[PDB]
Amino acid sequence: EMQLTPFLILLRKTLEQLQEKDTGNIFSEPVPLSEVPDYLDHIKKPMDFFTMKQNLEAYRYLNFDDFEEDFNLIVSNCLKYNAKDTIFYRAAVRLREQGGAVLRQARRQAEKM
């Protein structure tokens, strides 16, 4: 029960803040199937921030949970694919932690709308 434009403005700002936590930019674009050709063998729905931006502008995120779901997919795919002792796995743990705080604050703002 809110206006669309300010909500999407909020989601754009939030997506920017999540990308800011991915300082290595390892989640900015789809996992390169050229360098990881077996990636799709158990990752049923790849996700990344560029795809999220396209989903956002295509009006596919009309509530906070659908936006947060795809962010969680970025995290969960990375934990699933990579061994625990890798930089990638620890980066997803850190993104889960730092992104979670970004998301909680953003959701508080959406709920005021």
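Rigid core (definition): largest C-alpha set, two forms, superposition within 1.5 Å. Numbering starts at 1 and runs along the sequence shown.
A.B. asks: Taking C-alpha RMS after core alignment, which stretch differs more from the shown form in 8 other deposited structures of this protein: 60 to 68, or 28 to 36?
C.D. replies: After superposing on the rigid core, the more displaced stretch in 8 other deposited structures of this protein is 28 to 36.
A.B. asks: Could you check whether 4 to 12 or 102 to 110 drifts more from the shown form in 8 other deposited structures of this protein, using RMS Cα distance once the core is superposed?
C.D. replies: Looking at 4 to 12 versus 102 to 110 in 8 other deposited structures of this protein, the farther one turns out to be 4 to 12.
A.B. asks: Name the higher of the two by mean Cα B-factor in the PDB entry, 20 to 28 versus 88 to 96.
C.D. replies: Comparing 20 to 28 with 88 to 96, the higher mean C-alpha B-factor belongs to 20 to 28.
A.B. asks: Mean C-alpha B factor from the entry: is it higher for 49 to 57 or for 74 to 82?
C.D. replies: So the stretch with the higher mean C-alpha B-factor is 49 to 57.
A.B. asks: Lowest, middle or highest third: where is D66 by C-alpha B factor in its chain?
C.D. replies: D66: CA B-factor falls in the middle third of its chain.
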